[PDB]
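Residue numbers (PDB author numbering), protein chains in the order written: chain C, 1 to 78, 168 to 240; chain D, 1 to 78, 168 to 240; chain B, 336 to 1005; chain A, 671 to 1005. Note that the Cβ used here is the ideal one computed from N, Cα and C, for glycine as well.
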């Protein structure tokens, strides 16, 4: 009743081209990493270059799930734009009331899993999943948000 | 043979105004420190000083490989602040021969180390000591360095 | 515990209350006359001692010892990355129990485990026939960690595999799993040292520590102790030439390095050793470069007026290839420093590079594929490829790497943008000879032979495509007009239009006839084509039609932005062309005055085109990192409002926790 | 990396435990009992609880109990005043330093003057504090004082107490006017150390040709000491080395003598300050900027000869280190 405070989050997945329902109940770690950097990508010729807009834009996703779905998992036992739709909530410190919901959506996510969880002792499962943000050539994609704090 | 850096360094002491010779020798630690720190202790003055060169100084000195001695220990078993001299050998990278020695000595030193280790797993003695090099108000003190290799 | 064995090879008394039997032995070692006062009865045991005693390298005690030196060498061929010779040895028949143990070790080294487990099964069956003590328990540990690895990988493919590889790859027969699970229901390793004959431990007390989970506890404690020990020793003292810092660290480092790596025990691929190597290597580089740049008033350099400099050896490089993810600069360049040392001699490390490259080409060039092998090779190869950039050597090494990366690397684990990142960072410390240019040209030809698919989109996480390869080719050699690209452009008619994007992206590397054909095949209607034409440098000025098109695009942006604001769905526009338009306006490139009616869409646009009516409370500091273009200097050359610029600069550098924000103006004006 | 404030405060428990850890010193060997087990604890956590001045903000009573305490009720294997005084200054950022506290450090330094006798142990001051620093310490936050207890102490003594008269001589600003007049007689006239003491305590205001003669005498003594050291191959580092002081005094019009230039080539800072034109800037150790005042850094940034390489070495150091003081001095003054 002192300061062991903490919140929760929702993680929703989806497979494109059909209405497949895949989601994650809870994400404890939920380490979100965003990187912008550059080293050198300009020759420097043509007198007036007239343009430069390079910016390395990567979005990293990480969830831990114990709920895959057998509805399809069993059928597949005997890909798609895993596209991800994060869900969470926000609170106002002045009132501390449930009034706002925050959605985060990614329409093109390709999982980049590492096959090296080599460890001696048996853990509490905890199959941490890490994702990479993939983009097409056309336009848009990356992240989309919806605000639900209307009053 | 392949890759390891190796030398030796000894630790020697003495007592001021006495011929007492009782201390650890050849401490592999023989650790030392030096620091100059300044703070806001002159933020305000009669607006006509010359200089004081305050320069808060700090000197740690720790040596540890035990086996101090047994004779002067027994004599004292029944505050001159002691005296310490140090010796280090420098090797020529071009020739790699024993040609140069470095002499270090401090007039005043105060061994002020914590007196409660109490490790659960009994070590091989290991009574680590630390020292603070004191200075008087007359002059000199700190380090008197004599350079060998007069060839 | 009668003697405390210092890892430096010298021994000291710990609990010996009796005669100095180690002192007696060491004083006998240095005296040949006393060695001559013994019969063959003790000589038969002197012969036995000699071998391993000098194999480790114990010299004397810590009192009279002078300048010491340890021997570092690895006979672990599995560590040498030559799998072909181990396959050759595997095909060899059986000789004896010890040889069976070695062969089991190499079978485990290949990754597949079925026949390996069968082999340890038979060896447990017949081990008591030879009544060999230690190897029996070593084989217990063997089969235990083999099963642990199999089950862990199974849990990994257990789920994860279907999403990753698309198909449920079952590399093990269900009968095998049923048998192993029925024979390992209850087995826990704690009693593995409790149920063995009591004559075992009296002769093998030391070796029990490899059974339980204490395989790492005794090791990492001193590591994480000395880490802060030296990190706080820092650069003001605790100073000597060969007793400062990692002295004992190399000792234990290469003493326990080959322990499992030469006895041929199995979990050589475990995150414990990822951990151990990464930490160890970091301590080495840290001591070296804290020596390197430390301030020396008079006595800082009087001590150790020589440096070890961390001259890394082939063994360390292989460690980085095997068990390194940050690989050390990946985070310890954003954090740590670098300045030259000598990346020294090479004996056959180029042969190891080809021992990686040719094995990769043979594997990915063969239809047969082992998923366990691919999973146990992909990460180590990734590390080796990522850190073969800084090496410079006879291009024996370069062309095989380029060919293998271009033609055999899996496309599920990497996209084109990260591929170019690998090839661009390859040339950071290396030039561009003709062989690599030919190889990448052949790769581009293969890509052109691929671009017929009606649904392929070339999805990438970096935004860079094959056009960047021709761009790099021009950057190092402008006069390399292509040959086959002109042919494929000429052979393409107006009926098919799916290659228009690729031809526009790679139009600079085309013949004059190809250029004329593409000019007759040009089309500019949307926004992307204009951006691409500007990118290649073809477009110099702007026609009124382009201004009208950009005004229409901005009007559409406004009429959808107002709708989004009405509902309350904030906008992102990840490919923020509005910032590009702000850049257009700021640099006097477009001198129109019709874009001032759209002020307020984004904070960046307000900062760019509205300097008089902008509030600096919404200043995002990431706007200084988008680039390194001179454009940053041009826009930072401010006089009117530079007070706010220096205010935010001093607020940011008060922490001084980002090296970019300081090295941007380190000596740029100088 | 260290910001000094954070969310600091929480008077209640930090203040009670501050005074509570102040309390045990009262029951001490100087009062009663020297059990070593108590000193096996001694300070294992508390000399830095003295450094806990920079950390959170305290109260007036915290200022009071952080100070008339230790002055007694303590054993003597010294743990020194360098510590005492640096933490005394380090509390200044926390709160005010007059009526709550100065009304007791006045008596503290008076009782300090009470200490010295003719010839017992000379003086040490451990790290090289000098006790006398109190004269300028009062000037740091306030002006001269009129304290009367040590004034009577110096008004009763007349002779033979050389150590007592010289040590209390450095508390002249807090003396009474009659005390100052009495101490001006039978006082060490022109000893070099006493000359620095007098000019530090504000007794002297301007240099004199006799002071110049003493300065050149010290310079030639240092030169012959360096000559014999080079004969014996000996190097000495002393806390009482004023060569840098002489160099910077010559740099900023304090000494107008031209005969002082003959000693170039003995100390690195001496070459750096006395001869900016011919100085080899490689020997300039960049750690000396810490012990330079704000006005010294400002004046050192107005001259041409210390501008070409100083900015470059500062840039190299601040790229090669994460320290904040050099960064602050380079943008605040050097830029």
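> What are the start and end residues of the alpha helix (DSSP H) that includes residue 920 of chain B?
Replying inline: 912-921
>> Nearest by alpha-carbon distance to residue 352 of chain B: which of B/344, B/729, B/337, B/361 is it?
In response: B/337
>> Bridge partners for residue 200 of chain C per DSSP, in chain order?
In response: C/220
> Which term fits residue 946 of chain B, buried or exposed, when burial requires 16 or more other beta carbons within 10 angstroms of its beta carbon?
Replying inline: Exposed: under 16 other Cβ atoms inside 10 Å.
> If you measure from the CB of residue 970 of chain B, is any heavy atom of the ligand NAP nearer than 7 Å?
Replying inline: Because no ligand of any kind appears in the structure shown, any question about the ligand NAP cannot be addressed here.
> Rounded to the nearest angstrom, how far is the Cβ of residue 721 of chain B from that of residue 662 of chain B, given a contact under 8 Å?
Replying inline: Your pair residue 721 of chain B and residue 662 of chain B checks out as a contact, with CB atoms roughly 6 Å apart and the cut at 8 Å.
> Below 8 Å, can you find three or more Cβ-Cβ pairs linking the segment 684-699 of chain B to the segment 452-460 of chain B?
Replying inline: No, they do not touch.
> Which parts of the segment 871-908 of chain B are runs of the alpha helix (DSSP H), unbroken and 4 residues or longer, counting only runs that do not cross its ends?
Replying inline: 879-902
>> My parser needs the alpha helix (DSSP H) runs of 4 or more residues fully inside the segment 635-691 of chain B; what are they?
In response: 649-658
>> Which residues of the segment 611-630 of chain B have a Cβ closer than 8 Å to any Cβ of chain A? Give them in chain order.
In response: 628, 630
>> Output needed for residue 345 of chain B: all residues of its chain with C-beta closer than 8 Å, excluding positions within five of it in sequence on either side, in chain order.
In response: 393, 394, 395, 396, 397, 400, 403
>> In the DSSP output, what is residue 471 of chain B paired with across the bridge?
In response: Bridge partners of residue 471 of chain B: none, in fact.
> Candidates B/360, B/391, B/365: which alpha carbon is nearest residue 377 of chain B's?
Replying inline: B/360
> Per the contact definition of three or more C-beta pairs closer than 8 Å, is the segment 811-825 of chain A in contact with the segment 764-778 of chain A?
Replying inline: yes
> Hey, residue 863 of chain B and residue 446 of chain B: beta-carbon distance below 8 Å or not?
Replying inline: no
>> Is residue 5 of chain D close to chain B? Criterion is C-beta to C-beta, closer than 8 Å.
In response: yes
>> Quick check: the segment 780-793 of chain A against the segment 18-31 of chain D, are at least 3 beta-carbon pairs closer than 8 Å?
In response: no
> Can you tell which of D/13, D/4, D/3 has the C-alpha that lies nearest to the C-alpha of residue 172 of chain D?
Replying inline: D/13
> In the structure shown, what three-state DSSP assignment does residue 308 of chain D receive?
Replying inline: Chain D is shown only over 1 to 240; residue 308 of chain D falls outside these bounds and no answer can be derived.
> What's the call for residue 979 of chain A, buried or exposed, on a 16-neighbour Cβ count within 10 Å?
Replying inline: Residue environment for residue 979 of chain A: exposed (fewer than 16 other C-beta atoms within 10 angstroms of its C-beta).
> Any Cβ of chain F within less than 8 Å of the Cβ of residue 16 of chain D?
Replying inline: Considering every chain present, this structure includes no chain F. Its protein chains are C, D, B and A.
> Can you give the Cα-Cα distance for residue 200 of chain C and residue 178 of chain D, rounded to whole angstroms?
Replying inline: Those two C-alpha atoms are separated by around 59 Å.
> Who are the Cβ neighbours of residue 191 of chain C in its own chain at under 6 Å, not counting the five residues just before and after it?
Replying inline: 177, 179
> Since residue 335 of chain B and residue 208 of chain C are thought to touch, with beta carbons under 8 Å apart, how far apart are those beta carbons, to the nearest angstrom?
Replying inline: There is simply no residue 335 of chain B to check, as chain B begins at 336 and stops at 1005 in what is shown.
> Out of B/963, B/616, B/431, B/860, which has the shortest C-alpha to C-alpha gap to residue 880 of chain B?
Replying inline: Ranked by Cα distance from residue 880 of chain B, the options B/963, B/616, B/431, B/860 are led by B/860.
> By how many angstroms is the C-alpha of residue 224 of chain D removed from the C-alpha of residue 910 of chain A?
Replying inline: Cα-Cα distance, rounded: 10 Å.
> Which residues, in order along the segment 743-754 of chain A, keep a beta-carbon less than 9 Å from a beta-carbon of chain D?
Replying inline: Against chain D - using a Cβ distance shorter than 9 Å - the residues of the segment 743-754 of chain A are 746, 747, 748, 749, 750, 752.
>> What would DSSP say about residue 786 of chain A, mapped onto helix, strand or coil?
In response: coil
> Does the Cβ of residue 48 of chain C have 16 or more other Cβ atoms within 10 Å, making it buried, or fewer, making it exposed?
Replying inline: Residue 48 of chain C should be labelled exposed.
> Excluding sequence positions up to five away, which residues of its chain have a Cβ less than 7 Å from the Cβ of residue 857 of chain A?
Replying inline: 835, 839
> Taking the alpha-carbon positions, what's the residue 39 of chain C to residue 888 of chain A distance?
Replying inline: 58 Å
>> I need the straight-line Cα distance from residue 473 of chain B to residue 589 of chain B, nearest angstrom please.
In response: 22 Å
> Who are the near neighbours of residue 72 of chain C in its chain, counting only those whose CB is closer than 7 Å to its CB and skipping five residues on each side?
Replying inline: The answer, listed in chain order, is 20.
>> Judging by CA-CA distance, which residue of A/890, A/984, A/855, A/899 is the nearest neighbour of residue 828 of chain A?
In response: A/855
> Whole-angstrom Cβ separation of residue 1001 of chain B and residue 989 of chain A, contact assumed at under 8 Å?
Replying inline: Contact annotation, residue 1001 of chain B with residue 989 of chain A: C-beta distance approximately 6 Å; criterion of less than 8 Å satisfied.
> Does any C-beta atom of chain D lie closer than 8 Å to the C-beta of residue 404 of chain B?
Replying inline: yes
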